[PDB]
């Protein structure tokens, strides 16, 4: 680490993000996650806390890497995945240390035959995601890749918006398509009309993605637009089409989704308004 290279004011924060090699025991033997940029393994962190250790070696400016960690550690919210820190290993790229999420990613959880979340439960997961996104949006942070696959659940079934900062990766390559002109691999079925056209992402395009995530929840993890092929989604939507109302999605919740998919970005609801609206719908259910 070169503390001279960093922003002078961020030098203090480094001792809080850096995890000493002796503090962390990473179990490389068993793999719990597969990403494009690297695998993730079981980890034991001295404090004994169970954690997930992500490799990034499958890096760039080290000063930039550390600052990314510092920003990420400053986030603290029950529905946002935290960063426990970064462990530097001599011989290999640095490791990202995240809290262990017992019940995997949200999409696989709702697709699990052995778990039977109620309609209320699924609306509840939707609310938690809206809450985490409200926090992140207030921090002027733009996720760019909000989807059910990219949220995770701890032992208490608490839903945390994940897959951002140093944890950012492609964890299911099927849903990422190569753009023609710029080669970027984009999650086109979660993307807002404008983002498909310009590749510019905003909080308002996160809101569109959140609409699709609500749909995944209500369909219990069904793939959006199966009958559609990659970048043909712009044409499909422009025909005047949206995802259909899932069988058990409450009418008010479908209206929420449609609002999230408003043609005008600025007319989509804020994450605050979504929290409000969804909490009300949630409150009408029992069980």
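C-alpha atoms forming the largest set that superposes within 1.5 Å between two forms make up the rigid core. Positions refer to the first chain, counted from 1.
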Relative to this form, superposed by the core, which stretch has the greater CA RMS in 7 other deposited structures of this protein: 136-144 or 71-79? 71-79
Could you check whether 33-41 or 243-251 drifts more from the shown form in 7 other deposited structures of this protein, using RMS Cα distance once the core is superposed? 33-41
Indicate yes or no: is residue 119 absent from the model in at least a third of the other PDB entries of this protein that were compared? no
Out of the other entries of this protein with residues modelled on both sides, is residue 94 skipped in at least a third? no
As the entry stands, the deposited residues without coordinates between residue 47 and residue 48 add up to 4 to 9
Deposited residues absent from the coordinates between residue 58 and residue 59, none, 1 to 3, 4 to 9, or 10 or more? 1 to 3
Mean C-alpha temperature factor, higher of 246-254 and 65-73: 65-73
Averaged over C-alpha atoms, is the B-factor higher for 195-203 or for 124-132 in this PDB entry? 195-203
C-alpha B-factor winner, where the candidates are 82, 150, 180, 158: 180
Based on the PDB entry, the highest CA temperature factor among the options 209, 138, 93, 118 is that of 93
Using the temperature factors of the C-alpha atoms in this entry, rank residue 105 within its chain: lowest, middle or highest third. middle
Would you check the entry's CA temperature factor for residue 286 and let me know if it's in the chain's lowest, middle or highest third? middle
Sorting the chain's CA B-factors, does residue 168 end up in the lowest, middle or highest third? middle
Using the temperature factors of the C-alpha atoms in this entry, rank residue 113 within its chain: lowest, middle or highest third. highest
Could you place residue 225 in the lowest, middle or highest third of its chain by Cα temperature factor, using the values in the record? middle
